[PDB]
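Have a look at this one.
As written, the chains take the letters A, B, C and D, and residue 1 is the first residue of each chain.
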Amino acid sequence: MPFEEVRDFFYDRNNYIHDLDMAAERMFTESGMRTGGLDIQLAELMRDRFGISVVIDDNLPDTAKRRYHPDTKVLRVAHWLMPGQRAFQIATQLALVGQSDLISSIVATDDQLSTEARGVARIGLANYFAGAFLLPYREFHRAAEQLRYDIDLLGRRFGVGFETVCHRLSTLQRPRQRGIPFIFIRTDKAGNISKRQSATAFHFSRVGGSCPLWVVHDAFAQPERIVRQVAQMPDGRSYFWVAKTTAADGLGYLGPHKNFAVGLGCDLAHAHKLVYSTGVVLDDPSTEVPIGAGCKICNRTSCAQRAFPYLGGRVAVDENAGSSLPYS
Amino acid sequence: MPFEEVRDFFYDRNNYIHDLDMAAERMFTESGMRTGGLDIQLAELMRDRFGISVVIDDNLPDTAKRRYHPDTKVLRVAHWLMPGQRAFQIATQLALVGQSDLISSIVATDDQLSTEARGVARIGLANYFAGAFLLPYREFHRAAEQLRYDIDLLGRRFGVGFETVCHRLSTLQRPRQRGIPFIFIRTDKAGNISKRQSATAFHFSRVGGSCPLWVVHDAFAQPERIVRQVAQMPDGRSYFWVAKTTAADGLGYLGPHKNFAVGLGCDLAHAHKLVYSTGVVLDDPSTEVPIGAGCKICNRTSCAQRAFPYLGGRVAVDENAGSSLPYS
Amino acid sequence: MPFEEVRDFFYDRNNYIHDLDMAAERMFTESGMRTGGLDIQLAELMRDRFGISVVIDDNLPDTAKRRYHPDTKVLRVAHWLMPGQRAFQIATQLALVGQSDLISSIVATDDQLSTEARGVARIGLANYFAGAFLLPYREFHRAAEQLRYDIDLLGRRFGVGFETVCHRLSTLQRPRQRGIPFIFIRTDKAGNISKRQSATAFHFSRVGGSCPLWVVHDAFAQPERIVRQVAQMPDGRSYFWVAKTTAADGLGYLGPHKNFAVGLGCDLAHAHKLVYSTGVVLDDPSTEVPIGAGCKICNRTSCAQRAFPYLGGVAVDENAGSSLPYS
Amino acid sequence: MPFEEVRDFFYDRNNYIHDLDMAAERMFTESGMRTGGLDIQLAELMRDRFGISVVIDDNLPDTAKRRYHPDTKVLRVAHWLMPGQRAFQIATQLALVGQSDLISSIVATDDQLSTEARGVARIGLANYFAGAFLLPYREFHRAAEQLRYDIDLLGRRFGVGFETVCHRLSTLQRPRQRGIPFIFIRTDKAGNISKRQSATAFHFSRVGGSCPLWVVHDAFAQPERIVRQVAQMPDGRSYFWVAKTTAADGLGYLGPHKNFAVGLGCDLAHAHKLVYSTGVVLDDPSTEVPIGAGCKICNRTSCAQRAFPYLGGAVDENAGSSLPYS
């Protein structure tokens, strides 16, 4: 499974690629970058260092974010992208043409990847490079701690959106300068989890996450507003979750619509460092919400929300009782 | 998998159990039932015909809707249940003590069921009987046509809730007295589909339904309000879907909460008979929403919402292109 | 204005009518009532004590909750009403036919009411009696304290809805057995405040409440779910607000729809007694949301949400762009 | 009451200022502007034609969108603004320094304005100019008709937000090149209507609009999604309404938040021209929603939602109704 192979590639590397990250930051510093208008400077850097001409093309197809023409070294970027997104596109292409060898050797370090998986992993590492270039490690880590992890304020400072900030936060595993260890999740209204990235072993790092009581799936009921939750898994470990929906503009009233929820999760021990714990009492184990990973694999015994019987237990029927607890 | 076995049991019988339904209706008429306050009348019927004392009990555990004591023939019903729900509980018990043999032979018609499945199927048939007794077939079918399938108005007339009405609408397959053929779906915020029932073969009768563009998963974003949609599958068949959330009251601010979405679906050809098509243009194939059964088994080529690649194809990676269409 | 006259009538009486309340409770006790299935028992009491025959009529007009025919003493009640609501209707009629004189003298205690206002006040006092009969003071006050004011659990225990419980909670001003002093508000999506009741002087007891940052107006964004907020008025006083929407069933997809939000508010000092304070930090004056009574009468100086200029002040700056309207 | 004075100022002029609009368009064309990245080009224009240096400032206070320093001719623009918004700020300053006399004479055409109202109206005309420069009349009107008034698609093409597009749509009253006549509304969660603009006389042009059944107040229930409604007033006139909430980003989790709903309304006769009529049956007077201007002045007799009694109209101790103040 190509995308699952790459998910596991990043999971195995603690969602941190030291050489690549360093590389991005080095290039950011050596080439004189300054956060603020990074799109203009990335165009200039492409001109000066790779002979690549960046044009903002309002003639690209409606769905095309960028197209690179290697024969003339011409990078076309969609006019409808915001500066942060233009910067991301340009930095992705920069990874692919100017960091090709580093990415190739990083891919080689996992000899089990399939061919399709290797192509997908190249794209994933280029996206990682773009993130670590738009958000150079040191500056971003300092900003995240100074701002107490306010994702919106971080976006505002670095001119990027919610999802990108959450990506970068889940990558702060540089030895001796680590940020809060995070698990990053992306889902749609139907529960499809299309992105999993985690600094370390979490319950939802690879599978699971279909618990309707979990706040991430409640984001769509509160669109564009940040939701939060103190959650306890069936094994007693407790976690702090923040989430928010993200919507793709334009498209048109009739157009195809993009709707996702992005969630960030960490051990409850770290919650006190988040602006999102403001007003919440964290030391009270009785105010935690009991959630699970998905009913078929959830051993809780008195859940009123349970959707399916637990695959490990007895499905006893009682003809003489009516209960508000399904499959109890 | 017992609950899947029973799902397929009802699916194979076109979600209509002729013997049982008729039994219900007969008993409704022979014993003088009158729509309105069926809970009191069912208590009287239990007493007069089975010697069973129905008492309203506020001492039962919080989660108990009813408890039947066969040794003294005493049926205790939860005080916090509305009259329609009390009637449902009492009539479920009525099925189980007074229709035991009929239920057993109906189960016997499927010699492939496992033991657990046989018990679960008995409970399912008891629920079917309860529904067909609270909503006797002729009266309810006539009401459904008279009210143009307005689920709220049907509930008001028969003193029951949204979910029950939808249950009953999905069973009107009595030969020569058929209602609109429906597929009934129940989901949670996480997309777990816990109920599937269908008059005939529909796409989601047994599997699938994890398409984020399908309006059933959008019910939770518009809580307590009826949502509707003209949906088109990848094979061209068009359907009308109506859905609404249902919440279990009481429980308390800290208590466990029950939240589900219930959807009714039919061929687009039938939509014009629904009050829910009022104001909607049905003859315009361009105003239909293109949905799927779930990205991994969806062959659409330009879905902006796609969460996973379609397993029936391949998408080569293109290092030189950025798209708003995932897995193009 | 007739409805404002009666609003002020109840406001002046601290939203507690001692004689009437006591009356209800006595009647509840002397006639052997038991909380649970009060609708059946109220029908029995109407027959035994007033010769009033209660029929559940599925033939009433669609919008009629009840109609009383004094010539035959026949009380018709809508079949689509839940048992708690039927009980309420029956007890309203009970107030009007069996407590006529008490209500008349209570109204007489306010010589300023207009004639229309006196009629509206009779109906209001009958509703008060119905509330105090379905929810007898002693039992309900004890239950509220035991349940830490969980409105849903009170509704479950007494078989009534959110709005009725909140009504009754805001009336627990009986000397030597007081509940948390509350201000009761009902609004629609457009901000129209159609009900105001308060145990004591609150900011929104009589006027105001059009602040978009106030959580009550956010109830409609989170339908059927309880919303809560620690609010600070411009004068520094802090309050705890809980609110929830209430929707009228039936009616039909095309039918006329009723949607309201009901909010309960009290001084922050009392918040710790509410189940709704669970998980909330109450001692931190910095986590309070700064709201007002309505922009035109709100003196805050750096509100990004401000809708209109404050009437007490108004500078234009051709050389500046601000995210603060009417700085 | 300055803001009500300026509201009436624009209402009296059909929400179209012909001289200023033309000016904007001329300046757009004469200076070689091209739709797309107008913020950079407006910086260039400011420098070349008025000697004003536009700098992107991340040192301004958090609430300052721009500060112009007339003593050194330096316009500082907030870094957290999107390109359309930076362009809007720059064009506002351009109005105020380069169209000062035109704006002054336009204000002078209403000798009844108070002193404060004159300043507020100067700002209003500067904003009008910014809109008419970012969205040049001919080009924008053509785009609106081609795109069937898709507000999002118009925003995408011209690099601006929902509210700005709706603003511009409500001004297309240029003689012989008119767009759909619209009434533009902005409200908050509490029903406060802070903006009213109308091409012609509509019910809510100056007063009213507190009807809970009106779809504009339902936008917050469906945040960030376009809502639509076919509404009929108590006088029989029918209207098509579209609305959507708009939220101000940044600010922070604890920060002060800006939330508004912006609604566009037109006569039902025009609805068939809107993309938003797709899927709606428009000819069925029975599928129209009966709304009002606000209960105290609404004469409907069977509204279940009624909040206050109608001022133009008895208690019945023997009846209980689901229709308040019947």
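Miscellaneous remarks
The rule is short, and it goes like this: contacts are C-beta pairs under 8 Å (C-beta built on N, C-alpha and C of every residue); 3 or more make two chains touch, one makes a residue touch a chain.
Between chain A and chain C, the least number of touching-chain steps is 1. More C-beta pairs touch across one of C-D and A-D than the other; that pair is C-D. The chain with its Cα centre farthest from the Cα centre of chain C is A. Inter-chain centre distance (chain A to chain B, centres taken as mean C-alpha positions): 37 Å. Per-chain CA centroids place chain B at a distance of 45 Å from chain D. Annotation for chain B: residues touching 2 or more other chains are 221, 223, 251, 254, 278.
According to the touch criterion at the top of this document, the contacting chain pairs are A-B, A-C, A-D, B-C, B-D, C-D.
Chain D makes touch with chain C in their complex at residues 2-3, 62-70, 78, 89, 92-93, 96, 116, 119-120, 122-123, 126, 188-192, 194, 209-214, 217-218, 220-221, 223, 248, 251, 256-259, 287, 294-295, 302-305, 307-309, 314-315, 317-324.
Contacts from chain C toward chain A in the complex involve residues 221-222, 230, 278-281, 284, 287. Interface residues of chain A, counted against chain D in their complex, comprise 36-37, 56, 58, 79-80, 82-83, 147, 150-153, 155-156, 159, 222-226, 247, 249-255, 275-276, 278.
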